[PDB]
Structure formats: C-alpha cells, structure tokens
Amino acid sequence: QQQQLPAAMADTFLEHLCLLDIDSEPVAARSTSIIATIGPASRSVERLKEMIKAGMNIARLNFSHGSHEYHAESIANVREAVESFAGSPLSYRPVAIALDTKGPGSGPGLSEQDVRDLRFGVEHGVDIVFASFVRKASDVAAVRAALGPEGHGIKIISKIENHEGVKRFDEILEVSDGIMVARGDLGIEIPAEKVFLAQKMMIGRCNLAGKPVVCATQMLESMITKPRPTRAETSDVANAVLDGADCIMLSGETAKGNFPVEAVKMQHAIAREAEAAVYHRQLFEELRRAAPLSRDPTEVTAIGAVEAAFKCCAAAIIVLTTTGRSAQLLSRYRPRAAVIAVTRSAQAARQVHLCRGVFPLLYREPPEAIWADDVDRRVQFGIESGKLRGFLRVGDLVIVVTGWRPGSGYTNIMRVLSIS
C-alpha cells in the first residue's frame, strides 16, 4: 500500500522503522503549516502568489529589520496575492499574517519600539504575534496589554530564545497561545549541543498541552544560495515533523534567498513524507492516555471523532468551527485524517493554520433561514472544496463534527458520512 500504511500497521515502533518504504508515496494532504519570512526576495505580488500555490500558510514580518512603511507594504502585497484566488472559493487558500517582534533588547519589560510595532500590527489586522525573547509569564501579559482592547483575537506565540525562557516554560505556555522554538538566539544563550533537547522537550510539552508549536531558524539555510539543501537540512525538517511540531519556518530562505519558492516547495515535500512516517499507533494511544478526562462536549466529541476516523481510515474530518477551537481539539489527538475546518470567520480561518492538519475553508455565502439547512450547506461546501482539491473521492468516508445550536463552543455531534 501507499502513505506508509504497512509501516503504520506494525505492532512495535522498531517494526514500524523496519517497514518504512521509500517507494510508498504519500497521498494525504500536507499537515505541518509552513511560515515564510517575507523580505525583498518574497515581496512581489507575482512571487507571493507562486509561494501560496507552493503551500505557504503563514507570512512572517520580521520587525527586527524594516520600517513601519516597509511592513505596511509587505502586508498589502501579501493580502493582494491571497485575494487574487478569491474568485474561486472552492480553491481559495487563506494565509495568516504574523508579526515577529524585535525583542525587549536591553533586558527589562517590553521595549518602547515593540509597543509601537504591536499597535501597528493591531491597526493592520495581523493574526499572529511572535513575541521575541519571552522569559516569564509577565512578558506575555505585557504583549497582550500592548495590543489593547482591539487586539483580543490575535494569537500570541512566545518565542523561547534563552535559558530563563526554557526554565520558566510551563508558566509561559499557560499564558501563551503557543510556542516558537527560536533556535537561532537559543543556540547562542545555551550550548549548541543542548538545543535539540530544548526543541524536543518544548514540542512534547506543547503536544501534551494541545497548543501549537513552531520549529524555527536554519531549517533549509543552504537554500538561500543553493538550489538543493544539505542532507542534514532535509533530516532536520523531517525530524521536526516527526517530533510533533505543528509549524515549520523559513527565515532568509524566503526573505533574502535566490530560491524562495523552491524552499517552500522543498519544505512541503519533506513535511508530506514525514507525516506518513508518523507512528500514529503509539502516538494516538499515548496522546489519549495523557489527555485528562473532560466534561466538555467539544473535547469529548473530538476524541470520539478521531477514534471513529482511525477505525474506518476516514479521508477527512469535516468540522464546523467559529473560533477554530473545535479544529484545534481534533488536531491535538493527531489523526491521520485531514481536519477540514469550515468557518465564516476569515481571522479564525487564517489562525487555524497554527494547528497541524487543519485545512481551513471560508464560507462566504450568507446564513440560510433554517440553521439545519445552513449547516448542511457548509458541510457540502467542505465536501465540494475537498473534492476539487483531491482530499476526497466518491465512496470515501468522512467524520462530520457539528453542534446542536448556533454559536461557538456548542460542538457535540460526530456523524459518519459517505462521499457522494
């Protein structure tokens, strides 16, 4: 069979490793979202469109370099390239816009420049903030305050860049929306030979907590100048996916390199192969065993849907979401099935890329008179969207996750549907 299914059927992880096949082509859609740093090499509207077609999910704006005028233009080009595909909603791919802060610099609270960068992001409608150099939970609260009452929906991903941040990780993760393993600065503050330990630990604690985790810095570094990466670069990218990272990131690879689209395509290729090599048998059992009991129907429905999808090898789990939460809760159980999130919120659709295996679609049509009808219309939108994108074929089984009443947090239904 295909997509490492004989390797996934193995009773032991050693058996699984021995059953890995280079000829077993991956068929599932690429789960681990790609974050591309936008710079001179990736700012043109034609090239940005190419990167979207290549699989860029999030666009990073590094506020360490660049003026507010430069970054406002970065956003416009990004938006314009994304919106050119709006004419065909069944194929429109949303892209999130993230702001990577410059950092507290001198050491104390939040830098004055960062307050001005954060209020700019709020004004320009950014979805995610990569908080540079977070060392404690008070640093996160300061960033949340710097966004104000308008920046409430914006996701805060804390960049762990030093030893203090690693030690105080649990308090930072509790108050953050997710973590970024910013290996660049981290490789300097702590010994370079200990960085993998911090990466693997953070990814593990994030997987345990259900919160997104981003692997960052020098993933395909040689591709800035060369058309093909090193054997260690392909290895690192594949291992970040195998470790359980929700996102993979490109810095100078897409910002100032000669091969921006090629780095995106390469990251996509490796991530797709690594996802099929995931030992879901033990991964799901351990994730389920580790997850505490829940009396929230959204969480209870998530584990039931993931279990049901595993049983029939469901091609996708279509979930109707409003804030992204239902999709995030399905993602935490790491299913082999694609979590197709259908939401009317464009912000939630962009943000849900931080979760692994979540494929957002934006329902652009107005709500129907009968809620039951409007719900079924969105389920069909996700079936039609997944059919033209290759996710679904006729005769496939899908798990459909819905709620009992309109509004966020009412998810409670899982239903087994047969395609067409």
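Heads up: residue numbers just count along the shown sequence, starting at 1. The term rigid core refers to the most C-alpha atoms you can superpose between the two forms while keeping them within 1.5 Å.
Root mean square Cα distance to the shown form, taken over structures and residues in 8 other deposited structures of this protein after a core fit, is higher for 84-92 when 326-334 and 84-92 are compared. Between the stretches 332-340 and 131-139, it is 131-139 that shows the larger average CA temperature factor. Here the stretch with the larger average CA B-factor, out of 102-110 and 264-272, is 102-110. Taking the PDB entry at face value, the top CA B factor among 291, 315, 349, 126 belongs to 291. Listed residues 282, 158, 298, 84 were ranked by CA B-factor as deposited; 282 comes out on top.
Residue 286: CA B factor lies in the highest third for its chain, per the PDB record. Residue 410: CA B factor in the middle third of modelled residues in this chain (values from the PDB entry).
Among all modelled residues in its chain, residue 327 ranks in the lowest third by Cα B-factor. In the deposited entry, the Cα temperature factor of residue 391 places it in the highest third of its chain's modelled residues. In the deposited entry, the Cα temperature factor of residue 397 places it in the middle third of its chain's modelled residues.
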